[PDB]
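S.K.: experimental structure and sequence below, a few questions after.
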Amino acid sequence: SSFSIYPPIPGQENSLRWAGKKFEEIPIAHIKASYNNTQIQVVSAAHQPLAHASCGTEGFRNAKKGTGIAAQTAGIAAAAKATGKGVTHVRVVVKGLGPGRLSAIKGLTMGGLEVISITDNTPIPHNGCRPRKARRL
Amino acid sequence: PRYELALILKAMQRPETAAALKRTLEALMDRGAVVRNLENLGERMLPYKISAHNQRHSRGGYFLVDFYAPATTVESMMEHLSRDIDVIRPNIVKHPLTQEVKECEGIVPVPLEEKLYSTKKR
Amino acid sequence: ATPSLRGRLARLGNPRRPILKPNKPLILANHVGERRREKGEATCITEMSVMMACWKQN
Amino acid sequence: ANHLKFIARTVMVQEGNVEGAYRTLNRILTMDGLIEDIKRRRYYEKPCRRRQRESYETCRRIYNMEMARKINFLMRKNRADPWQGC
Amino acid sequence: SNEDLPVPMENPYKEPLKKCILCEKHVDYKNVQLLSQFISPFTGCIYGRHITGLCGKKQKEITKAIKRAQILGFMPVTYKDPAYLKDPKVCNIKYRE
Amino acid sequence: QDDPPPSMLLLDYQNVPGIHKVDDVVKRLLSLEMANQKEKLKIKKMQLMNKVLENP
Amino acid sequence: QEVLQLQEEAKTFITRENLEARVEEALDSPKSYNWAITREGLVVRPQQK
Amino acid sequence: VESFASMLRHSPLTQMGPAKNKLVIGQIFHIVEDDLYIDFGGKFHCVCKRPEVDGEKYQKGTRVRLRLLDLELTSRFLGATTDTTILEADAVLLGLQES
RNA sequence: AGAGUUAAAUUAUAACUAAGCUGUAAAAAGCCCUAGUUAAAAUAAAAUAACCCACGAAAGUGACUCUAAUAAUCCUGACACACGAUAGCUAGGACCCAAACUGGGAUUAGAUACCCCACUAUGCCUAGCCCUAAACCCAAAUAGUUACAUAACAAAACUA
Ligand SMILES: [Mg+2]
Ligand SMILES: [Mg+2]
Ligand SMILES: [Mg+2]
Ligand SMILES: [Mg+2]
Ligand SMILES: [Mg+2]
Ligand SMILES: [Mg+2]
Ligand SMILES: [Mg+2]
Ligand SMILES: [Mg+2]
Ligand SMILES: [Mg+2]
Ligand SMILES: [Mg+2]
Ligand SMILES: [Mg+2]
Ligand SMILES: [Mg+2]
Ligand SMILES: [Mg+2]
Ligand SMILES: [Mg+2]
Ligand SMILES: [Mg+2]
Ligand SMILES: [Mg+2]
Ligand SMILES: [Mg+2]
Ligand SMILES: [Mg+2]
Ligand SMILES: [Mg+2]
Ligand SMILES: [Zn+2]
């Protein structure tokens, strides 16, 4: 039972399939977890948006959508729409560090999507654009 | 070898690669530089998609040309290579063999620093 | 291993610009710090959500 | 962007275990220092503050390493005293 | 008058100094396989001295070679090339526990 | 201003026997054409010290 | 000795006559500088595969 | 009369030289529930853990074999004028006077 | 000091999907020519390496390559000469992002402040000025000693 956490790059010849599809054709789920909102967009391998759900789209409010429960609910909401179009496995790509980071990931499983991998694509500039000034002067 | 050019040519056919290498070496010789050796490192996948000459390049052939050139003809060759549409990213550096390897002595045991504070009783 | 301390502090014998500016003197005390108590958090939030899911639909 | 996707900061789940894979990824990021850098880059810090933070962290690391070294050195003497009552 | 007195001589039990993994070697910018052994497989971060265990010169040489190669276009910056993922581990950092 | 020829055969390979019998490629490589500014500085220094000083 | 050593390497330099042969032989003789290292400090060459 | 330098030159401690990985016979002089105080005889006494095999064979006065690692554990720390001696030596247990 | 180059992020710009996005302890305002994904020039800056302590007289400098190059056969020494962080001025250019000022929205009795939003000078390049800093390591330079000897604290006391 030799299992490697490294992704199955297309350059290799490994035989790993999910529901008969290769790792390259499995749809993607971009989860942008900001400090005040969490958005989820499930797209196909061909970069075609299938489902979209955010904490604000569920009837929440300003400070209500910033909690983890809002992200957990948005995960189920996105998973229902993804399953409505015939999606069983998805690759999660997380963007940003927020309170609803793991909440959306587990909400996807609660809503009925099997996560095969978690990708952390957080934008970290190499000292590029200057961010805003610090608070509490 | 004095200077080393790490030429990254566009992935093309054998005759086109040969013609591009021939003209690049002729340009190097025209500047007053004698060529020591040319080594082909093989056609590999680029680490990142390099965009050059209004073209997105995903592959490329790697070549290494070592030579002796005057210090004034480096930028001229760089300028000539910059306008060549068959070159992805040219770079001329000093040859590593020029710098003689220094004696790597190893880790020297550095003692903890003392006498940093006075001997007053706390 | 322990980071180097030579040539770090501002001393008369040190010729260069000091690297470290300690808030308090680097003297190893005879007592370690007390263990900090972990901050509590709300629990059973995910289960309360699915409990209220019944009510919202029923 | 120009690099290939689904290679960096990617962990494959094992037998449907997602919570553990997320913890593994969080440990990866913490050991690589990306969590602290991301939390620090939310608001810009001036160079004087960056130097002060670096000096404070270096001093704290030195003190912690020395305290841990002394604790490990003195761990032997934690045994029961054989000369009690003398 | 005494013959058994100690003599002021050098220490014969002087153990040789330890060598870095690249002691008396040649660090290059074209051996991307060698350069990848010191970077994080997940993020590409260059490991420090406390991880690599290289005496002062070679750590700086490795850093300079990696920075040169990543901009010349031989080694990726964001991640480590999977072709070199099976290289023997020389670093002292363990991620999976 | 002094005008050191590009084929000056710098002093590091000037005082060795059998240097004029070598081919033009090696002579050009050992000449000032392929040399940096430090070699020209050395050549100018020796040329000035040979002509101005009495005890080099 | 440096001059004598450089005389030997002057024979294998690339010139106008040898340009075509050198390009063709370089295009057919690939070279690799990749070599890994071990914890003991032993050089391992991937050429054995 | 014999001089101190003459006797020290032929002393077994001088013949030993460095105390790294040396086989020394040491006699146990004190017994604890799980710790054994073995006096290898040089300066201090080393504390060792009783092994699983032949545990009851270790008693007071028993002579055992040790591989000496350090004659005395002393180290320096932050702001320490002198070292912090542990008043103990470092050694491992191998056997009990095999013969 | 010059010349050349860009890995990450962001953006002007197009396509699919969706309705909010951003915003805080909580809100409001703002934008809905909005948000997410896929491609994307120009400008600005230069993650880890750095638990390193090097270079330079100091200020200062750590994305990469090339050229030039870091005085004194080495004491002190100005009102003389040459430099001199950020900020500001003049003329030309660039402007992703941040932001003095300003205008709104919060809180307050008041808030021309701390909190959020938008934006300007400015921070960016060339040339010319201005010559000020907690320009502090608050410890002058040159060759030394561990002798006598703790006002206190702090970086121990001192010689020529
Ligand atoms: Mg202030
Ligand atoms: Mg200095
Ligand atoms: Mg203080
Ligand atoms: Mg300039
Ligand atoms: Mg880019
Ligand atoms: Mg623009
Ligand atoms: Mg509103
Ligand atoms: Mg950088
Ligand atoms: Mg000097
Ligand atoms: Mg003077
Ligand atoms: Mg200015
Ligand atoms: Mg502006
Ligand atoms: Mg702004
Ligand atoms: Mg206002
Ligand atoms: Mg100024
Ligand atoms: Mg200063
Ligand atoms: Mg002053
Ligand atoms: Mg003075
Ligand atoms: Mg007192
Ligand atoms: Zn070494």
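M.R.: It's in. Residues are numbered from 1 along each chain as shown, chains lettered A, B, ... in the order given. Ligands and ions are numbered 1, 2, ... in the order given.

S.K.: state the distance from the residue in chain H that chain D sits nearest to to residue A:51.
M.R.: At 4.9 Å from chain D, residue H:78 is the closest residue in chain H, using Cβ to the nearest Cβ. C-betas here are computed from N, CA, C, even on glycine. Separation of residue H:78 from residue A:51 (Cβ to Cβ, to the nearest Å): 58 Å.

S.K.: ok so, going back, quick check: closest non-adjacent residue to the residue of chain H closest to chain D.
M.R.: Nearest non-adjacent residue to residue H:78, counting by Cβ to Cβ, 6 or more residues apart in numbering or on different chains: residue C:28, 4.3 Å away.

S.K.: pick out the residue nearest the middle of chain H.
M.R.: Nearest to the geometric centre of chain H sits residue H:40, at 3.9 Å (Cα atoms, centre = their mean).

S.K.: give me every residue that touches that one.
M.R.: H:24-26, H:46, H:66, H:68, H:89, H:91 (Cβ atoms under 8 Å, 6 or more residues apart in numbering or on different chains).

S.K.: pull out the buried members of these.
M.R.: The neighbour count (16 or more other Cβ atoms under 10 Å in any protein chain shown) marks H:24, H:26, H:46, H:66, H:68, H:89, H:91 as buried among the contacts of residue H:40.

S.K.: who does the third one form a beta bridge with?
M.R.: Spelled out, that is residue H:46. Each beta-bridge partner of residue H:46 is listed here: residue H:38, as defined by DSSP bridges.

S.K.: I figured it hits residue H:30, correct?
M.R.: No. Counting by Cβ atoms under 8 Å, residue H:46 sits too far from residue H:30 to count as a contact (11.6 Å).

S.K.: overlap in contacts, the two.
M.R.: residue H:37.

S.K.: what number of residues are in the vicinity of the spatially closest residue to residue F:32 that is not a sequence neighbour?
M.R.: Using Cβ to Cβ, 6+ apart and skipping residues adjacent in sequence, the residue nearest residue F:32 is residue F:8, 4.5 Å away. Residues lying near residue F:8 (other Cβ atoms under 10 Å in any protein chain shown) number 17.

S.K.: wait, what's in contact with residue A:55?
M.R.: Applying Cβ under 8 Å, 6+ apart to residue A:55 gives the contacts A:37-39, A:64-66, A:70-71, A:73-74, A:100.

S.K.: quick one on the thing from earlier: surely the residue of chain H closest to chain D meets residue C:22?
M.R.: No. Using Cβ under 8 Å, residue H:78 makes no contact with residue C:22, being 10.5 Å away.

S.K.: between these two, who's got more neighbours?
M.R.: Legend: neighbour count by other Cβ under 10 Å for residue H:78 and residue C:22, higher for residue H:78 (23 against 19).

S.K.: OK, contacts around the more buried one?
M.R.: B:112, C:26-28, D:62-63, D:66.

S.K.: filter those down to the ones in helices?
M.R.: Cross-referencing these against helices under DSSP state H gives D:62-63, D:66.

S.K.: most surrounded residue in these?
M.R.: Of all the ones in helices among the contacts of residue H:78, the highest neighbour tally under other Cβ under 10 Å goes to residue D:66, namely 21 neighbours.

S.K.: next one: it relative to residue C:3, how far apart?
M.R.: For residue D:66, the distance to residue C:3 - Cβ to Cβ - is 10 Å.

S.K.: quick one: the residue nearest the centre of chain G from residue E:65, how far?
M.R.: Residue closest to the average C-alpha location in chain G (Cα atoms, centre = their mean): residue G:31, at 7.2 Å. Per Cβ to Cβ, residue G:31 is found 18 Å from residue E:65.

S.K.: contact partners for the residue nearest to residue E:70 when sequence neighbours are not counted?
M.R.: Of all residues not flanking residue E:70 in the chain, residue E:77 sits nearest, at 4.8 Å (Cβ to Cβ, 6+ apart). By Cβ under 8 Å, 6+ apart, residue E:77 lies in contact with B:47-48, D:3, E:44, E:70.

S.K.: may I ask which two of the residues you listed are separated the most?
M.R.: Farthest-apart pair in those is B:48 and E:44; separation 11.9 Å (Cβ to Cβ).

S.K.: which one's more surrounded, the two?
M.R.: Between residue B:48 and residue E:44, residue E:44 has the larger neighbour count (other Cβ under 10 Å), namely 21 against 16.

S.K.: so who does that one touch?
M.R.: By Cβ under 8 Å, 6+ apart, the residues touching residue E:44 are D:8, E:76-80.

S.K.: what about the helices in chain E?
M.R.: E:32-36, E:49-52, E:56-72.

S.K.: against residue A:130, how distant is the residue located most distally from the centre of chain A?
M.R.: The outermost residue of chain A relative to its centre, with distances by Cα atoms, centre = their mean, is residue A:137 at 35.3 Å. To residue A:130, residue A:137 is 17 Å away according to Cβ to Cβ.

S.K.: list the buried residues of the longest strand belonging to chain H.
M.R.: Ranked by residue count under DSSP state E, the longest strand found in chain H is strand H:22-31. By 16+ other Cβ under 10 Å, the buried positions in strand H:22-31 come out as H:22, H:24, H:26, H:28, H:31.

S.K.: residues in contact with it?
M.R.: Around strand H:22-31, the neighbours that count as contacts under Cβ under 8 Å, 6+ apart are D:82, H:16, H:36-42, H:45-46, H:58-68, H:91, H:94, H:97.

S.K.: any quick ChimeraX command for the buried ones out of those residues?
M.R.: Command for ChimeraX that selects the buried part of these, burial taken from 16+ other Cβ under 10 Å:
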select /H:36,37,38,39,40,42,45,46,58,62,64,65,66,68,91
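
S.K.: tell me which of the contacts of strand H:22-31 fall in strands.
M.R.: Secondary structure from DSSP E places H:36-39, H:46, H:63-68, H:91, H:94 of those in strands.

S.K.: pick out the residue of chain C closest to chain E.
M.R.: Taking Cβ to the nearest Cβ as the measure, the point where chain C comes nearest chain E is residue C:1, at 6.7 Å.

S.K.: residues touching the residue in chain H positioned nearest to chain C, list them.
M.R.: Closest residue of chain H to chain C, Cβ to the nearest Cβ: residue H:79 (3.8 Å). By Cβ under 8 Å, 6+ apart, the contact list for residue H:79 reads B:116-117, C:25-28.

S.K.: filter the residues you listed to the buried ones?
M.R.: For those, a burial check counting by 16+ other Cβ under 10 Å picks out B:116, C:26.

S.K.: out of the contacts of residue H:79, which touch RNA strand I?
M.R.: With Cβ under 7 Å from any atom of the strand as the criterion, these include B:116-117, C:25 near RNA strand I.

S.K.: residues touching the most centrally placed residue in chain D, list them.
M.R.: Centroid check for chain D by Cα atoms, centre = their mean gives residue D:31 as the closest residue, at 5.8 Å. Contact partners of residue D:31, counting by Cβ under 8 Å, 6+ apart, are E:93, E:95.

S.K.: same deal with the one 4 residues further on?
M.R.: Contacts for residue D:35 were tallied using Cβ under 8 Å, 6+ apart; they are A:97, D:26, D:29.

S.K.: do you know how far it is from chain F?
M.R.: Computed as Cβ to the nearest Cβ, to the nearest Å, the residue D:35 to chain F distance reads 48 Å.

S.K.: that residue and residue D:57, how far apart?
M.R.: In terms of Cβ to Cβ, residue D:35 sits 15 Å off from residue D:57.

S.K.: mind checking how far the residue most central in space within chain B is from RNA strand I?
M.R.: Chain B has residue B:6 as the residue nearest its centroid, 4.2 Å off, counting by Cα atoms, centre = their mean. Residue B:6 sits 9 Å away from RNA strand I, taking Cβ to the nearest atom of the strand, to the nearest Å as the criterion.

S.K.: need the residues of chain C near chain E, please.
M.R.: residue C:1 (Cβ under 8 Å from any Cβ of the partner chain).
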